[PDB]
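Here's a solo chain for you in structure tokens, the form deposited without the ligand.
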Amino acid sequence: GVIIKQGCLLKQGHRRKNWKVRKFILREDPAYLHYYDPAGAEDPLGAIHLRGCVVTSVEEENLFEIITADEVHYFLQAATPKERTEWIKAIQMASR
């Protein structure tokens, strides 16, 4: 799978609804969005199978959400609206 996009974002705790910085790597052959420790561990902390996902902005600034085909929800926060828009479209093209 080839790398499409790469960057850090704030991801909301599924858990206690907290927010944490993670490094995200979007790939396209296999449609996947992996997240790691904000550091340099390339062994992922989780994976998001993107095939058939739904990704939309959420009206905390620059929020957007990912809904997997089986309805697991991911809440992310970009640093700027331009970044958010870029991630959303990238994720959309990847799960083609």
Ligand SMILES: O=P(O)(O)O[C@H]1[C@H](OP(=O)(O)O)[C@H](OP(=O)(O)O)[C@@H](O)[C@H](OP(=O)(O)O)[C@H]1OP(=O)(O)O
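For clarity, a rigid core is taken as the largest C-alpha set superposing within 1.5 Å between two forms. Numbering starts at 1 and runs along the sequence shown. Residues that one form lacks are left out of the comparison.
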Extent of unmodelled deposited sequence, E60 relative to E59: 4 to 9
15-23 or 72-80, whichever carries the higher mean Cα B-factor: 15-23
Greater mean Cα temperature factor according to the PDB record, 44-52 or 24-32: 24-32
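The following text describes the form deposited with the ligand bound, which does not appear among the structures shown.
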Shown-form site status with respect to the ligand as positioned in the bound PDB entry after superposition (2.4 Å backbone/C-beta criterion, 3+ atoms): blocked
Contact of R22 with the ligand in the bound PDB entry (heavy atom, 4.5 Å): yes
Proximity of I67 to the ligand in the bound PDB entry, heavy atoms at 4.5 Å: no
Any non-hydrogen atom of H14 within 4.5 angstroms of the ligand in the bound PDB entry: yes
Interface membership of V58, the ligand in the bound PDB entry, 4.5 Å heavy atom rule: no
Stretch 27-48: residues contacting the ligand in the bound PDB entry, 4.5 Å heavy atom cut-off: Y35, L45
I67 C-alpha moves between this form and the one not shown by 2 Å or more, core aligned: no
Rigid-core frame, C-alpha of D37, shift of 2 angstroms or more between this form and the one not shown: no
Consecutive-residue runs (3+) with Cα displacement of 2 Å or more between this form and the one not shown, core aligned: 39-42
